[PDB]
Amino acid sequence: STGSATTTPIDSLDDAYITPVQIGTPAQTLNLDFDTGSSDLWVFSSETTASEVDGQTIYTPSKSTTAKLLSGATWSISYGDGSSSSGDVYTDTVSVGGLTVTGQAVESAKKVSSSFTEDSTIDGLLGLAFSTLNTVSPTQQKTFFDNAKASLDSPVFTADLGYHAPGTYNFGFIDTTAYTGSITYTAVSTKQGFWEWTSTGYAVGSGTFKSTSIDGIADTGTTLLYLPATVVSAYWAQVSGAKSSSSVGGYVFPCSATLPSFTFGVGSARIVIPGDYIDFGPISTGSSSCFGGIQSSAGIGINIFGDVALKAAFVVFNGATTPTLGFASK
């Protein structure tokens, strides 16, 4: 089997991407944030505290003939941005882009934090990291991909995120028309439960490539590119007037600037992020200070290849017995 679904930016900045997901019988379609940095599939629901729902579409398990309470199971998760959610668990039929999993753990939110409430466009998350990170207790549950894997034509999924435009998540096949050149594959460590890999270096603009190992994660659920302070300083030093602002919470730059590109290494291959992808717009409406898309990972404790980086590439998440990651230009 295979599946193919379009993923769409939630706003004009590509802050996140949402993908329609069918849950239950008859289908209830929710728009979920596919997140390769976590491993829970959770949804706004009929059980979510009413004051914490503001415009989201909810899953109502009592209206699904295939929903079953997973008795005694609870979940609770916190994300890198400090947001969180928790609740109980149902199993139900879940389909993405024509690919169907029966008995998928669907984690129903009883509580969500303010940033989730405030984001009316995101009806929940679909985790695509390794199932060892799943938070369900006392019986850990498998991700949608893990459940689908044995049925897929090939044990892979791909992320093809657009810049200010829709893109595609495919399951079970590699669309050879979706990228240029060849795909370069690189080793993955699953020791921390992430799609963790080591970039071979970077360049700023038309500058020379610096060979240096950068361990980080491929994370579709993180908006920005978080790299070591040395690398980030070298980038922003090429933008007149750019500075790190503690009050804003990172690097900002004059909105009048033209940003240089940023290149990252994948083995001997190179992925180029155009300068425009690094512009996240005014810090507040009407400001001439703009937020940067490359930020320091210092104090996160991990480097994160988020959407800013991933949307510059066609990315293969290879879930074979020994997982790997592939990157191609597009």
Side-chain angles (χ1 to χ4, degrees), residues 9-10 13-17 33-39 77-84 115 125 127-129 133 159 161 163 186 188-189 192-205 210 212-239 242 244-253 259-266 270-281 283 289-313 315 317 325 327:
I10 65 165
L13 299 178
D14 297 348
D15 280 316
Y17 299 76
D33 184 351
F34 282 24
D35 181 14
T36 63
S38 70
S39 306
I77 195 162
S78 300
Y79 298 101
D81 65 348
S83 67
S84 62
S115 47
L125 265 66
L128 292 167
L133 294 178
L161 302 178
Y163 167 67
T186 196
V188 164
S189 173
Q192 296 194 103
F194 301 116
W195 293 92
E196 188 174 359
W197 64 291
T198 302
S199 172
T200 48
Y202 71 98
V204 177
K210 176 70 170 184
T212 183
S213 294
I214 305 294
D215 296 333
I217 67 166
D219 186 1
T220 58
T222 292
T223 311
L224 307 184
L225 176 53
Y226 294 87
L227 291 172
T230 47
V231 178
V232 175
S233 182
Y235 179 80
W236 290 109
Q238 297 305 309
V239 179
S244 183
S245 169
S246 56
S247 69
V248 178
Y251 280 90
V252 295
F253 68 93
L259 296 177
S261 65
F262 184 89
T263 300
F264 64 93
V266 183
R270 308 287 180 254
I271 299 296
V272 180
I273 305 170
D276 290 352
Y277 290 26
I278 299 161
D279 176 15
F280 280 75
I283 59 171
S289 184
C290 274
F291 201 67
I294 295 178
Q295 297 293 345
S296 179
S297 64
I300 293 177
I302 195 160
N303 301 303
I304 307 175
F305 293 87
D307 298 334
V308 162
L310 303 181
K311 77 179 81 169
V315 188
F317 294 78
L325 272 172
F327 292 82

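The residues of the chain are indexed from 1 along the displayed sequence. Only this structure's heavy atoms are used, side chains among them; waters, hydrogens and symmetry mates stay out.
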**Request:** Verify side chain to side chain contact (heavy atoms under 4.5 Å, CB included) between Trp197 and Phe305, making sure each step is shown before the conclusion.
**Result:** CA-CA 10 Å; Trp197 64 291; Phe305 293 87; 3.6 Å; yes
**Message:** Between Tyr277 and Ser261, is the side chain to side chain contact (heavy atoms under 4.5 Å, CB included) condition met? List the steps.
**Reply:** CA-CA 8 Å; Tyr277 290 26; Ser261 65; over 6 Å; no
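Side-chain contact between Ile302 and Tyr226: absent, with no pair of heavy atoms (C-beta onward) separated by less than 4.5 Å. Using a 4.5 Å heavy-atom cutoff, the side chains of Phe262 and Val231 are in contact. Counting heavy atoms from C-beta on, the side chains of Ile278 and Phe253 never come closer than 4.5 Å. Contact of the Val248 side chain with the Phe291 side chain is registered, since non-hydrogen atoms from C-beta on lie closer than 4.5 Å. The shortest distance between side-chain heavy atoms of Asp14 and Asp307 does not fall below 4.5 Å. Between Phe280 and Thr223, the closest side-chain pair of non-hydrogen atoms falls below 4.5 Å. With contacts defined as side-chain heavy-atom distances shorter than 4.5 Å, the pair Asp276/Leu259 does not qualify. Put simply, the side chain of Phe34 reaches to within 4.5 Å of the side chain of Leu128, judged on heavy atoms.
Atom CD1 of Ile304 and atom OG1 of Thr222 lie 4.5 Å apart (nearest 0.5 Å). With rounding to the nearest 0.5 Å, the separation of OG in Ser199 from CD1 in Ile214 is 6.5 Å. Atom CG of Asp35 and atom OG1 of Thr220 lie 5.5 Å apart (nearest 0.5 Å). Between atom CG of residue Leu225 and atom CG of residue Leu310 there is a gap of 9.0 Å, rounded to the nearest 0.5 Å. Atom CD of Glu196 and atom CG of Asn303 lie 9.5 Å apart (nearest 0.5 Å). Taking CD1 of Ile294 as the start and OH of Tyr251 as the end, the distance is 11.0 Å to the nearest 0.5 Å.
Between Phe264 and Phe327, the two ring planes are perpendicular [angle over 60°; tilted spans 30° to 60°].
Judged as a ring pair (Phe, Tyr, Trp, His ring centres under 6.0 Å), and not counting sequence neighbours, the contacts of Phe317 are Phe157, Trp195.
Nearest heavy atoms, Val308 versus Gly293: CG2-O, 3.7 Å. Contact detail for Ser38 and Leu125: the closest heavy-atom pair is OG-CD2, 4.3 Å. The minimum heavy-atom distance between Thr36 and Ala129, with the atom names listed, is O-CB, 3.3 Å. Closest approach of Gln295 to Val232, counting heavy atoms only: O-CG2, 3.4 Å. Nearest heavy-atom pair across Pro260 and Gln238 is CG-CB, 4.3 Å. Contact detail for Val252 and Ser289: the closest heavy-atom pair is CB-OG, 3.5 Å.
Put simply, the side chain of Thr263 never gets that close to the backbone of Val272: no donor and acceptor are under 3.5 Å apart.
Counting only N and O atoms by type, the side chains of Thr198 and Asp215 include a donor and acceptor under 3.5 Å apart.
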